[PDB]
């Protein structure tokens, strides 16, 4: 039904998919915390969220930042019940024209970050015997490797914390052409109490590709 009494962290909630997710969760009773890469972005997030949430600044590759953002949340609101990973980026290049910087930046931002954010919130989720982790994954050998890693990670973890009332899934948009409104609907369904027995799943929202 509704997310009355649930705290949701939506990384990269500045616009598009991230924002549509955040806006739909709040409408259904959730207290939503959206993040951006800059402080400017965060203020914009705090604006459209109002008092139904707050906008923070987050560097998903920086462990020091991940600790700071969560501590802020645990202090002012409480423990995170829902985690939505949507802070992915791209650095397209053919294999030979792709520098190690571009490869490692994607692995760190799109894959490694999901391991860090999951690990940080897993303690509290197990204690509440409830948890939702959802990752948004839509010359790209680096992006493809990360996208695949996230799926392998989620399915493994999904089995590992299955008993504890925690689910770990992935939503795969099309990126008629797709609508961010419908990706949010997909994420909202998974995050609800009607998707308890859905975990380790990759829900595609592409319209039959």
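Positions refer to the first chain, counted from 1.
Student: Unmodelled residues of the deposited sequence between residue 48 and residue 49: none, 1 to 3, 4 to 9, or 10 or more?
Tutor: Unresolved stretch here: none.
Student: Would you class the number of unmodelled deposited residues between residue 109 and residue 110 as none, 1 to 3, 4 to 9, or 10 or more?
Tutor: Nothing is missing.
Student: If you average the Cα B factors in the entry, which is higher, 53-61 or 164-172?
Tutor: Stretch with the greater average CA B-factor: 53-61.
Student: What stretch has the higher average Cα B-factor here, 200-208 or 1-9?
Tutor: Per the deposited B-factors, the answer is 1-9.
Student: Between 184, 31, 150, 157, where does the Cα B-factor run highest in the record?
Tutor: Top of the list by C-alpha B-factor: 31.
Student: Could you say which of 75, 126, 134, 114 has its CA atom at the highest B factor, as listed in the PDB entry?
Tutor: In this record, 75 carries the highest C-alpha B-factor of the candidates.
Student: Residue 121's Cα B-factor: lowest, middle or highest third of the chain?
Tutor: For residue 121, the deposited C-alpha B-factor lands in the middle third.
Student: Quick one: classify residue 26 as lowest, middle or highest third of the chain based on its Cα B-factor.
Tutor: Middle third by C-alpha B-factor.
Student: According to the PDB entry, is the CA B factor of residue 82 in the bottom, middle or top third of its chain, that is, lowest, middle or highest?
Tutor: For residue 82, the deposited C-alpha B-factor lands in the lowest third.
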